[PDB]
Amino acid sequence: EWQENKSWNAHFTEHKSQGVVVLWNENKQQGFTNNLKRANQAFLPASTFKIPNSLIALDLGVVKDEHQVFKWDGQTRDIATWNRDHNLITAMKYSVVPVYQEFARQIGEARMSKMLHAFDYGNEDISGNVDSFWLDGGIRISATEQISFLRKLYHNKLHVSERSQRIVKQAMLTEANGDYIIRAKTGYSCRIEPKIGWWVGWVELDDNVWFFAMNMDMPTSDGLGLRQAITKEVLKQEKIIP
Amino acid sequence: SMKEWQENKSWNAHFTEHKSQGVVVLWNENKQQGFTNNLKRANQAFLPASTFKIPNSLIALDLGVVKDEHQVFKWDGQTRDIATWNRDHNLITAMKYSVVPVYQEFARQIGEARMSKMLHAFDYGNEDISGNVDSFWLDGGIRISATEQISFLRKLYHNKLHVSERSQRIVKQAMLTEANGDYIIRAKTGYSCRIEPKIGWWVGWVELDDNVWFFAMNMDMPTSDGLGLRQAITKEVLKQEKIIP
Ligand SMILES: [Ca+2]
Ligand SMILES: [Cl-]
């Protein structure tokens, strides 16, 4: 079931914003959120789509392994970290859109649609550019739907090879210490209103796993760090992390 | 500057500062070159102690003794000195807390014949497991040097060991120790505390955006009070060489 804890809204309004956090306790099969309506509202996934895009590119052989080098095309884009060679690990880390646009072109519309239907990923609608539909096209996915998809990935239940799922979970690694491991992906939907930031993933503990998906209003890029900061505030307050 | 192995005695100051002695060995994967404060000790073979949990994990996975990283190894109900051992574990947490009893059971199930054959294929150390099948890495005959640990770890990193790619990916997951926006460390600690010379170990690697740095260190450990020096001295070297900030 789901519990709504409206008191968590303060975590957003104290930053002059609005948003949703969704938590899932895997051992207890219990969900929590500050806002049930928005937890189930579907938005563009923006660069959180790099999780399914990575899986499809690996399973089909577009990407051989996490070491294959994708050479910079020599065109200088706005984010300096994009203007260099990458592998799957660093393309995820710096959210290198052009590398993933090339993945999508090579996958093709037909195979992309077939795979997203098999994943049950959002509204499964890739209209718009084959190479940008997750940024300004027709695909929409909610925070609760992100949890469902991530749970399948965590348990190697998606209809792609076990190897592809293990490689993407490695590439999602974001933080690790003696208390917890976070595997996750950020997103920033900055073209189509409502402009929002995403953070989706999970926290591995010794004894349990907490899945999470959050999004928040993002009228400018100045607030992007609040995606992880707000989430961690909630995790700390609830004694999931120290 | 073309030498495969180069001695840099300036790192000794990190040992001297902590009234300690030992060896740090680094390997720059992009440049295929190595660095150490003590070439002689870098090539001296010691009991691996709990750094042996890396090969032991690989063998148990590949033979099916361990199904995967979620299988639960129930506590046998016997209360031992390290409190974190006295509970149920999986591969991730058994590696993290270095739960010896779990891996002793692994070794008994693998058996001496299959254990010997696998270490031979791994070319691991002196490949000699005389002693108890269940404790030879703690007080038996197997010995491995720091440079030999590097070579073995490089094989693991590239999935070049003879076991399945899946077994190798799982163990590399279980070796995860630290990760942030600057680096990822996959490593395993050890403490040889039964047979002289008593020593501590830390072996593994540091993943950067555009390179990997393998490391293996051991140091004299007359009592357990200095165990934190294994990571501290290693990190002091990594900082001096600008590998981590
Ligand atoms: Ca595959
Ligand atoms: Cl990992």
# chains A, B, ... in the order shown; residues from 1 in each chain; ligands from 1
call {"tool": "residues_near_ligand", "arguments": {"ligand": "ligand 1", "cutoff": "6 Å", "atoms": "only C-alpha atoms and all ligand atoms", "output": "ChimeraX atom specification"}}
result
/A:58-59,161,163-164
call {"tool": "residues_near_ligand", "arguments": {"ligand": "ligand 2", "cutoff": "7 Å", "atoms": "only C-alpha atoms and all ligand atoms", "output": "list in words"}}
result
residues 169, 170 and 173 of chain A; 172, 173 and 176 of chain B
call {"tool": "select_by_dssp", "arguments": {"residues": "stretch 127-174 of chain A", "states": "alpha helix (DSSP H)", "output": "ChimeraX atom specification"}}
result
/A:133-136,143-154,162-171
call {"tool": "closest_atom_pairs", "arguments": {"of": "chain B", "to": "chain A", "cutoff": "7 Å", "atoms": "only C-alpha atoms", "output": "Markdown table"}}
result
| residue | atom | partner | partner_atom | distance |
| --- | --- | --- | --- | --- |
| B:93 | CA | A:206 | CA | 6.4 |
| B:177 | CA | A:177 | CA | 6.3 |
| B:178 | CA | A:176 | CA | 4.8 |
| B:179 | CA | A:176 | CA | 4.6 |
| B:180 | CA | A:175 | CA | 5.0 |
| B:209 | CA | A:90 | CA | 6.3 |
call {"tool": "residues_around", "arguments": {"residues": "residue B:170", "least_positions_apart": "5", "cutoff": "10 Å", "atoms": "only C-alpha atoms", "output": "list in words"}}
result
residues 166 of chain A; 57, 58, 61, 68, 69, 91, 92, 165 and 175 of chain B
call {"tool": "closest_residue", "arguments": {"among": "B:244, B:99, B:185, B:47", "to": "residue B:207", "atoms": "only C-alpha atoms"}}
result
B:185
call {"tool": "residues_around", "arguments": {"residues": "stretch 105-117 of chain B", "least_positions_apart": "2", "cutoff": "8 Å", "atoms": "only C-alpha atoms", "output": "list in words"}}
result
residues 56, 59, 60, 63, 65, 101, 102, 103, 119, 120, 121, 127, 128, 129, 133 and 134 of chain B
call {"tool": "residues_around", "arguments": {"residues": "residue B:98", "least_positions_apart": "6", "cutoff": "12 Å", "atoms": "only C-alpha atoms", "output": "PDB file with N, CA, C and O atoms, in the first residue's frame"}}
result
ATOM      1  N   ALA B  49      46.061 -13.796   4.235  1.00  0.00           N
ATOM      2  CA  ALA B  49      45.004 -13.645   5.224  1.00  0.00           C
ATOM      3  C   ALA B  49      43.709 -13.272   4.507  1.00  0.00           C
ATOM      4  O   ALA B  49      43.403 -13.851   3.456  1.00  0.00           O
ATOM      5  N   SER B  50      42.929 -12.330   5.039  1.00  0.00           N
ATOM      6  CA  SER B  50      41.601 -12.141   4.454  1.00  0.00           C
ATOM      7  C   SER B  50      41.619 -11.461   3.084  1.00  0.00           C
ATOM      8  O   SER B  50      40.544 -11.306   2.501  1.00  0.00           O
ATOM      9  N   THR B  51      42.767 -11.087   2.510  1.00  0.00           N
ATOM     10  CA  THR B  51      42.705 -10.714   1.093  1.00  0.00           C
ATOM     11  C   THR B  51      42.395 -11.920   0.217  1.00  0.00           C
ATOM     12  O   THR B  51      42.013 -11.744  -0.951  1.00  0.00           O
ATOM     13  N   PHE B  52      42.524 -13.129   0.765  1.00  0.00           N
ATOM     14  CA  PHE B  52      42.209 -14.362   0.056  1.00  0.00           C
ATOM     15  C   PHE B  52      40.704 -14.508  -0.191  1.00  0.00           C
ATOM     16  O   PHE B  52      40.282 -15.339  -1.004  1.00  0.00           O
ATOM     17  N   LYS B  53      39.884 -13.703   0.483  1.00  0.00           N
ATOM     18  CA  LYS B  53      38.449 -13.720   0.205  1.00  0.00           C
ATOM     19  C   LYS B  53      38.119 -13.340  -1.260  1.00  0.00           C
ATOM     20  O   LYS B  53      37.061 -13.714  -1.766  1.00  0.00           O
ATOM     21  N   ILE B  54      39.018 -12.645  -1.953  1.00  0.00           N
ATOM     22  CA  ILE B  54      38.775 -12.361  -3.368  1.00  0.00           C
ATOM     23  C   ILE B  54      38.803 -13.667  -4.196  1.00  0.00           C
ATOM     24  O   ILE B  54      37.786 -14.014  -4.806  1.00  0.00           O
ATOM     25  N   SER B  57      35.999 -16.084  -3.061  1.00  0.00           N
ATOM     26  CA  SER B  57      34.688 -15.717  -3.589  1.00  0.00           C
ATOM     27  C   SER B  57      34.530 -16.187  -5.030  1.00  0.00           C
ATOM     28  O   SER B  57      33.482 -16.722  -5.421  1.00  0.00           O
ATOM     29  N   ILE B  82      34.348 -10.634  17.102  1.00  0.00           N
ATOM     30  CA  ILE B  82      33.918  -9.493  16.299  1.00  0.00           C
ATOM     31  C   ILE B  82      32.397  -9.540  16.178  1.00  0.00           C
ATOM     32  O   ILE B  82      31.834 -10.413  15.513  1.00  0.00           O
ATOM     33  N   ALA B  83      31.725  -8.569  16.791  1.00  0.00           N
ATOM     34  CA  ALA B  83      30.273  -8.640  16.915  1.00  0.00           C
ATOM     35  C   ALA B  83      29.564  -8.668  15.566  1.00  0.00           C
ATOM     36  O   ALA B  83      28.485  -9.262  15.453  1.00  0.00           O
ATOM     37  N   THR B  84      30.134  -8.041  14.529  1.00  0.00           N
ATOM     38  CA  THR B  84      29.452  -8.033  13.241  1.00  0.00           C
ATOM     39  C   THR B  84      29.399  -9.413  12.605  1.00  0.00           C
ATOM     40  O   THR B  84      28.600  -9.626  11.696  1.00  0.00           O
ATOM     41  N   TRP B  85      30.212 -10.365  13.069  1.00  0.00           N
ATOM     42  CA  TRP B  85      30.166 -11.729  12.545  1.00  0.00           C
ATOM     43  C   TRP B  85      28.971 -12.529  13.044  1.00  0.00           C
ATOM     44  O   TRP B  85      28.648 -13.565  12.450  1.00  0.00           O
ATOM     45  N   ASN B  86      28.347 -12.107  14.141  1.00  0.00           N
ATOM     46  CA  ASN B  86      27.362 -12.918  14.860  1.00  0.00           C
ATOM     47  C   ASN B  86      25.942 -12.615  14.372  1.00  0.00           C
ATOM     48  O   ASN B  86      25.057 -12.228  15.142  1.00  0.00           O
ATOM     49  N   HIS B  89      24.581 -13.287   6.957  1.00  0.00           N
ATOM     50  CA  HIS B  89      25.316 -12.515   5.956  1.00  0.00           C
ATOM     51  C   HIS B  89      24.996 -12.984   4.538  1.00  0.00           C
ATOM     52  O   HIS B  89      24.517 -14.097   4.312  1.00  0.00           O
ATOM     53  N   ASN B  90      25.294 -12.115   3.576  1.00  0.00           N
ATOM     54  CA  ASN B  90      25.403 -12.486   2.173  1.00  0.00           C
ATOM     55  C   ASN B  90      26.815 -12.148   1.714  1.00  0.00           C
ATOM     56  O   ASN B  90      27.665 -11.739   2.512  1.00  0.00           O
ATOM     57  N   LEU B  91      27.084 -12.355   0.426  1.00  0.00           N
ATOM     58  CA  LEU B  91      28.441 -12.156  -0.058  1.00  0.00           C
ATOM     59  C   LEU B  91      28.881 -10.716   0.145  1.00  0.00           C
ATOM     60  O   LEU B  91      30.047 -10.462   0.479  1.00  0.00           O
ATOM     61  N   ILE B  92      27.971  -9.754  -0.079  1.00  0.00           N
ATOM     62  CA  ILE B  92      28.341  -8.348   0.051  1.00  0.00           C
ATOM     63  C   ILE B  92      28.762  -8.048   1.475  1.00  0.00           C
ATOM     64  O   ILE B  92      29.817  -7.447   1.709  1.00  0.00           O
ATOM     65  N   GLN B 104      35.370 -19.982   5.690  1.00  0.00           N
ATOM     66  CA  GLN B 104      35.858 -21.297   6.051  1.00  0.00           C
ATOM     67  C   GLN B 104      34.872 -22.369   5.609  1.00  0.00           C
ATOM     68  O   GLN B 104      35.274 -23.423   5.117  1.00  0.00           O
ATOM     69  N   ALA B 174      31.292  -6.938  -5.033  1.00  0.00           N
ATOM     70  CA  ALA B 174      31.428  -7.181  -3.598  1.00  0.00           C
ATOM     71  C   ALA B 174      32.656  -6.500  -3.013  1.00  0.00           C
ATOM     72  O   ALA B 174      32.719  -6.308  -1.792  1.00  0.00           O
ATOM     73  N   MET B 175      33.637  -6.172  -3.851  1.00  0.00           N
ATOM     74  CA  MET B 175      34.826  -5.436  -3.433  1.00  0.00           C
ATOM     75  C   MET B 175      34.595  -3.935  -3.265  1.00  0.00           C
ATOM     76  O   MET B 175      35.482  -3.241  -2.736  1.00  0.00           O
ATOM     77  N   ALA B 187      38.377  -2.950  -3.186  1.00  0.00           N
ATOM     78  CA  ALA B 187      39.545  -3.390  -2.430  1.00  0.00           C
ATOM     79  C   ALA B 187      39.115  -4.393  -1.374  1.00  0.00           C
ATOM     80  O   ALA B 187      37.922  -4.574  -1.104  1.00  0.00           O
ATOM     81  N   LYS B 188      40.118  -5.058  -0.780  1.00  0.00           N
ATOM     82  CA  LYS B 188      39.894  -5.956   0.347  1.00  0.00           C
ATOM     83  C   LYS B 188      41.034  -5.851   1.359  1.00  0.00           C
ATOM     84  O   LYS B 188      42.208  -5.855   0.982  1.00  0.00           O
ATOM     85  N   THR B 189      40.677  -5.768   2.638  1.00  0.00           N
ATOM     86  CA  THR B 189      41.642  -5.737   3.736  1.00  0.00           C
ATOM     87  C   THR B 189      42.059  -7.139   4.163  1.00  0.00           C
ATOM     88  O   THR B 189      41.364  -8.133   3.916  1.00  0.00           O
ATOM     89  N   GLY B 190      43.201  -7.195   4.850  1.00  0.00           N
ATOM     90  CA  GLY B 190      43.650  -8.421   5.490  1.00  0.00           C
ATOM     91  C   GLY B 190      44.504  -8.151   6.712  1.00  0.00           C
ATOM     92  O   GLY B 190      45.096  -7.073   6.861  1.00  0.00           O
ATOM     93  N   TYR B 191      44.563  -9.170   7.595  1.00  0.00           N
ATOM     94  CA  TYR B 191      45.294  -9.108   8.871  1.00  0.00           C
ATOM     95  C   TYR B 191      45.831 -10.511   9.153  1.00  0.00           C
ATOM     96  O   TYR B 191      45.077 -11.389   9.562  1.00  0.00           O
TER      97      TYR B 191
END
call {"tool": "residues_around", "arguments": {"residues": "residue A:154", "least_positions_apart": "3", "cutoff": "12 Å", "atoms": "only C-alpha atoms", "output": "number ranges by chain"}}
result
A: 26, 51, 147-151, 157-158, 162, 164-170, 172, 183-184, 201-204, 209-211; B: 70
call {"tool": "write_last_selection", "arguments": {"atoms": "C-alpha atoms", "output": "compact mmCIF listing (two decimals), in the first residue's frame"}}
result
# COMPACT_ATOMS: atom_id res chain seq x y z
CA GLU A 26 11.66 -3.44 -0.20
CA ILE A 51 18.90 3.81 -17.64
CA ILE A 147 10.06 2.71 -8.79
CA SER A 148 8.34 -0.23 -10.49
CA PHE A 149 10.87 -0.23 -13.31
CA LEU A 150 13.86 0.13 -10.97
CA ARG A 151 12.67 -2.78 -8.83
CA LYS A 157 13.78 -9.29 -14.04
CA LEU A 158 13.76 -7.15 -17.19
CA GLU A 162 21.45 -10.60 -16.91
CA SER A 164 23.25 -6.00 -19.43
CA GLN A 165 21.41 -5.42 -16.16
CA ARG A 166 24.58 -5.95 -14.09
CA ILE A 167 26.53 -3.52 -16.29
CA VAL A 168 23.92 -0.74 -16.03
CA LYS A 169 23.71 -1.13 -12.25
CA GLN A 170 27.49 -0.71 -12.12
CA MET A 172 24.52 3.84 -11.98
CA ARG A 183 22.81 3.69 -7.40
CA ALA A 184 20.90 6.39 -9.27
CA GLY A 201 17.48 5.05 -7.87
CA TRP A 202 17.90 3.15 -4.61
CA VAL A 203 19.93 2.98 -1.38
CA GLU A 204 21.53 -0.38 -0.54
CA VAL A 209 16.98 -1.69 0.01
CA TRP A 210 15.14 1.64 -0.17
CA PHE A 211 14.02 2.59 -3.68
CA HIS B 70 21.81 -12.45 -2.39
call {"tool": "atom_distance", "arguments": {"atom1": "atom CA of residue A:189", "atom2": "atom CA of residue A:62"}}
result
25.7 Å
call {"tool": "residues_around", "arguments": {"residues": "residue A:185", "least_positions_apart": "5", "cutoff": "6 Å", "atoms": "only C-alpha atoms", "output": "PyMOL selection string"}}
result
chain A and resi 48+199-200
call {"tool": "write_last_selection", "arguments": {"atoms": "N, CA and C atoms", "output": "PDB file, in the first residue's frame"}}
result
ATOM      1  N   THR A  48      16.948  10.639 -17.018  1.00  0.00           N
ATOM      2  CA  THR A  48      16.764   9.355 -16.348  1.00  0.00           C
ATOM      3  C   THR A  48      16.506   8.261 -17.369  1.00  0.00           C
ATOM      4  N   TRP A 199      15.578  12.769  -9.597  1.00  0.00           N
ATOM      5  CA  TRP A 199      16.606  11.839  -9.128  1.00  0.00           C
ATOM      6  C   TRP A 199      15.900  10.534  -8.830  1.00  0.00           C
ATOM      7  N   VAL A 200      16.325   9.453  -9.473  1.00  0.00           N
ATOM      8  CA  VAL A 200      15.732   8.144  -9.227  1.00  0.00           C
ATOM      9  C   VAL A 200      16.829   7.107  -9.019  1.00  0.00           C
TER      10      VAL A 200
END
call {"tool": "select_by_dssp", "arguments": {"residues": "stretch 61-221 of chain A", "states": "strand (DSSP E or B)", "output": "PyMOL selection string"}}
result
chain A and resi 70+86+141-142+173-176+181-189+196-204+209-217
call {"tool": "write_last_selection", "arguments": {"atoms": "N, CA and C atoms", "output": "compact mmCIF listing (two decimals), in the first residue's frame"}}
result
# COMPACT_ATOMS: atom_id res chain seq x y z
N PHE A 70 33.65 5.91 -26.81
CA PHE A 70 32.89 6.66 -27.81
C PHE A 70 33.62 7.97 -28.03
N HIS A 86 34.37 9.35 -24.12
CA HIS A 86 33.67 8.75 -22.98
C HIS A 86 33.52 7.24 -23.15
N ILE A 141 6.48 9.38 -17.84
CA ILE A 141 6.57 8.37 -16.77
C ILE A 141 6.46 9.08 -15.42
N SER A 142 5.75 8.45 -14.48
CA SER A 142 5.57 8.98 -13.13
C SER A 142 6.63 8.44 -12.16
N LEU A 173 26.31 3.55 -10.32
CA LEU A 173 26.93 3.82 -9.02
C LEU A 173 27.22 5.31 -8.88
N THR A 174 26.75 5.90 -7.77
CA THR A 174 26.89 7.31 -7.46
C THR A 174 27.64 7.58 -6.16
N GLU A 175 27.38 6.82 -5.10
CA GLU A 175 28.02 7.07 -3.82
C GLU A 175 28.12 5.75 -3.04
N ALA A 176 29.23 5.57 -2.34
CA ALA A 176 29.41 4.41 -1.47
C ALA A 176 30.32 4.72 -0.30
N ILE A 181 25.16 2.33 -0.03
CA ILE A 181 25.51 2.43 -1.45
C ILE A 181 24.31 3.03 -2.19
N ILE A 182 24.53 4.11 -2.97
CA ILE A 182 23.48 4.71 -3.79
C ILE A 182 23.78 4.44 -5.26
N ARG A 183 22.82 3.83 -5.95
CA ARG A 183 22.81 3.69 -7.40
C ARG A 183 21.65 4.52 -7.95
N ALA A 184 21.92 5.42 -8.90
CA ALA A 184 20.90 6.39 -9.27
C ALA A 184 21.25 7.09 -10.58
N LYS A 185 20.28 7.86 -11.08
CA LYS A 185 20.47 8.70 -12.25
C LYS A 185 19.67 10.00 -12.10
N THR A 186 20.32 11.13 -12.40
CA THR A 186 19.69 12.44 -12.43
C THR A 186 19.01 12.71 -13.79
N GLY A 187 18.06 13.62 -13.76
CA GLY A 187 17.45 14.14 -14.98
C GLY A 187 17.04 15.59 -14.83
N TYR A 188 16.96 16.29 -15.98
CA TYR A 188 16.61 17.71 -16.02
C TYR A 188 15.77 17.94 -17.28
N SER A 189 14.47 18.11 -17.11
CA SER A 189 13.57 18.40 -18.24
C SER A 189 13.41 19.89 -18.35
N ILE A 196 11.37 20.48 -14.75
CA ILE A 196 11.58 19.74 -13.50
C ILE A 196 12.95 19.11 -13.49
N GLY A 197 13.41 18.79 -12.28
CA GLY A 197 14.58 17.95 -12.08
C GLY A 197 14.11 16.64 -11.45
N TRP A 198 14.82 15.55 -11.80
CA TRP A 198 14.60 14.19 -11.32
C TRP A 198 15.82 13.67 -10.55
N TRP A 199 15.58 12.77 -9.60
CA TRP A 199 16.61 11.84 -9.13
C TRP A 199 15.90 10.53 -8.83
N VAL A 200 16.33 9.45 -9.47
CA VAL A 200 15.73 8.14 -9.23
C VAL A 200 16.83 7.11 -9.02
N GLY A 201 16.54 6.13 -8.16
CA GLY A 201 17.48 5.05 -7.87
C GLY A 201 17.13 4.29 -6.61
N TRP A 202 18.14 3.85 -5.86
CA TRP A 202 17.90 3.15 -4.61
C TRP A 202 19.13 3.27 -3.71
N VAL A 203 18.91 2.97 -2.42
CA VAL A 203 19.93 2.98 -1.38
C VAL A 203 20.06 1.55 -0.87
N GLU A 204 21.25 0.96 -1.04
CA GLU A 204 21.53 -0.38 -0.54
C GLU A 204 22.06 -0.28 0.89
N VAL A 209 16.79 -2.61 1.12
CA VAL A 209 16.98 -1.69 0.01
C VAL A 209 15.83 -0.71 0.06
N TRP A 210 16.14 0.58 -0.03
CA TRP A 210 15.14 1.64 -0.17
C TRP A 210 15.18 2.20 -1.58
N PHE A 211 14.14 1.95 -2.37
CA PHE A 211 14.02 2.59 -3.68
C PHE A 211 13.46 4.01 -3.55
N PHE A 212 13.89 4.90 -4.44
CA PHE A 212 13.40 6.28 -4.38
C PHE A 212 13.25 6.88 -5.77
N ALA A 213 12.29 7.80 -5.90
CA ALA A 213 12.12 8.59 -7.11
C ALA A 213 11.57 9.93 -6.69
N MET A 214 12.24 11.00 -7.09
CA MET A 214 11.80 12.35 -6.76
C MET A 214 11.84 13.22 -8.01
N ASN A 215 10.95 14.20 -8.05
CA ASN A 215 11.08 15.27 -9.03
C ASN A 215 10.63 16.57 -8.39
N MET A 216 11.10 17.68 -8.94
CA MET A 216 10.83 18.98 -8.34
C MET A 216 10.82 20.05 -9.42
N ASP A 217 10.10 21.13 -9.14
CA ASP A 217 10.05 22.27 -10.06
C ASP A 217 11.44 22.87 -10.21
call {"tool": "closest_residue", "arguments": {"among": "B:8, B:126, B:20, B:240", "to": "residue B:142", "atoms": "only C-alpha atoms"}}
result
B:126
call {"tool": "atom_distance", "arguments": {"atom1": "atom CA of residue B:149", "atom2": "atom CA of residue B:125"}}
result
8.0 Å
call {"tool": "decode", "arguments": {"residues": "stretch 73-118 of chain B", "atoms": "C-alpha atoms", "output": "short mmCIF file (atom, residue, chain, number, x, y, z; two decimals), in the first residue's frame"}}
result
data_model
loop_
_atom_site.label_atom_id
_atom_site.label_comp_id
_atom_site.auth_asym_id
_atom_site.auth_seq_id
_atom_site.Cartn_x
_atom_site.Cartn_y
_atom_site.Cartn_z
CA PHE B 73 24.66 -17.66 4.99
CA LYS B 74 22.90 -18.18 8.30
CA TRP B 75 24.86 -17.49 11.48
CA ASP B 76 25.78 -20.78 13.20
CA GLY B 77 24.76 -19.33 16.57
CA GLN B 78 28.30 -19.35 17.99
CA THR B 79 29.24 -15.95 19.44
CA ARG B 80 32.70 -14.85 18.27
CA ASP B 81 34.80 -11.80 19.21
CA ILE B 82 33.92 -9.49 16.30
CA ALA B 83 30.27 -8.64 16.91
CA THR B 84 29.45 -8.03 13.24
CA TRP B 85 30.17 -11.73 12.54
CA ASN B 86 27.36 -12.92 14.86
CA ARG B 87 24.49 -12.51 12.38
CA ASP B 88 23.27 -13.66 8.97
CA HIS B 89 25.32 -12.52 5.96
CA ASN B 90 25.40 -12.49 2.17
CA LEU B 91 28.44 -12.16 -0.06
CA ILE B 92 28.34 -8.35 0.05
CA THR B 93 28.26 -8.10 3.84
CA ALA B 94 30.58 -11.08 4.45
CA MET B 95 33.22 -9.31 2.38
CA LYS B 96 32.53 -5.95 4.06
CA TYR B 97 32.91 -7.26 7.63
CA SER B 98 35.50 -9.90 6.65
CA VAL B 99 33.46 -12.73 8.16
CA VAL B 100 36.00 -15.56 8.37
CA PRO B 101 33.59 -18.38 9.44
CA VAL B 102 31.51 -17.91 6.31
CA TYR B 103 34.52 -18.36 4.04
CA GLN B 104 35.86 -21.30 6.05
CA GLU B 105 32.59 -23.07 5.26
CA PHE B 106 33.06 -22.12 1.59
CA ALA B 107 36.52 -23.69 1.61
CA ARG B 108 35.29 -26.94 3.14
CA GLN B 109 32.59 -27.23 0.45
CA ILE B 110 35.01 -26.42 -2.38
CA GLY B 111 37.45 -29.00 -1.03
CA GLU B 112 41.22 -29.24 -1.33
CA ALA B 113 41.30 -30.77 -4.84
CA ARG B 114 39.13 -28.14 -6.55
CA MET B 115 40.67 -25.32 -4.50
CA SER B 116 44.18 -26.36 -5.59
CA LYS B 117 43.20 -26.67 -9.26
CA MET B 118 41.60 -23.20 -9.30
#
